[PDB]
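Okay, here we've got a single chain as structure tokens, the form deposited in one PDB entry, with questions on binding and movement later.
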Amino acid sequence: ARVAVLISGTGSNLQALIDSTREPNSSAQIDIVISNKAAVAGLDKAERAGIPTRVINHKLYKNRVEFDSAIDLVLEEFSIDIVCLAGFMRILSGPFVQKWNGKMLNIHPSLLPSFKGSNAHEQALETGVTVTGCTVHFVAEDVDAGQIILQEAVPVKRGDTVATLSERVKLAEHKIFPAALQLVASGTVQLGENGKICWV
């Protein structure tokens, strides 16, 4: 399966996906890295890995569908089968999500359905959970509500900040998101006809 990785920043999840998809048994290949922001370190990680990069600055587009259509063009150009959102921070438009229904994965730094949104760690610490985690889910139109592929719990330690908690959670993220990509790329998991996760 041909994979596009959409990034917005540092790209540590991208790096974990690169490493896993170069394993001999990997069923996924990363063929393009799209960043909506220039000079983010994720572009350098891809360039050091030989992977083509495209920057598609969302601020240059009139609305969301024009920005998404620009992404979709690169995806068709590279004949992409699966899209991974790895720290990509722009909410995607309905028609784009519908087109890629069942082919788009997102990594979210909480145990969904808890702490949806852009600052899951802040919410987790504010709430005082002692267990958080990360979620790989299929992207549905409703943000952070698509079907869940894999999760992994991560303890919150006394004294944790966003810095120490997200560093611990990212260790789990870099496990389940390569695993989740492999499940989908190998056709082991799909969004079923009933819309829930189907382990075929």
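Between two forms, the rigid core is defined as the largest C-alpha subset superposing within 1.5 Å. Residue positions are given as counts along the sequence shown, with the first one as 1.
One more form of this protein, deposited in another entry, exists but is not displayed; see below.
Once the rigid core is used as the reference frame, the Cα position of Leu171 differs between this form and the one not shown by less than 2 Å. Remark: with the core as the superposition reference, the CA shift of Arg48 between this form and the one not shown stays below 2 Å. Once both forms are overlaid on the rigid core, the distance between the two CA positions of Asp160 between this form and the one not shown is 2 angstroms or more.
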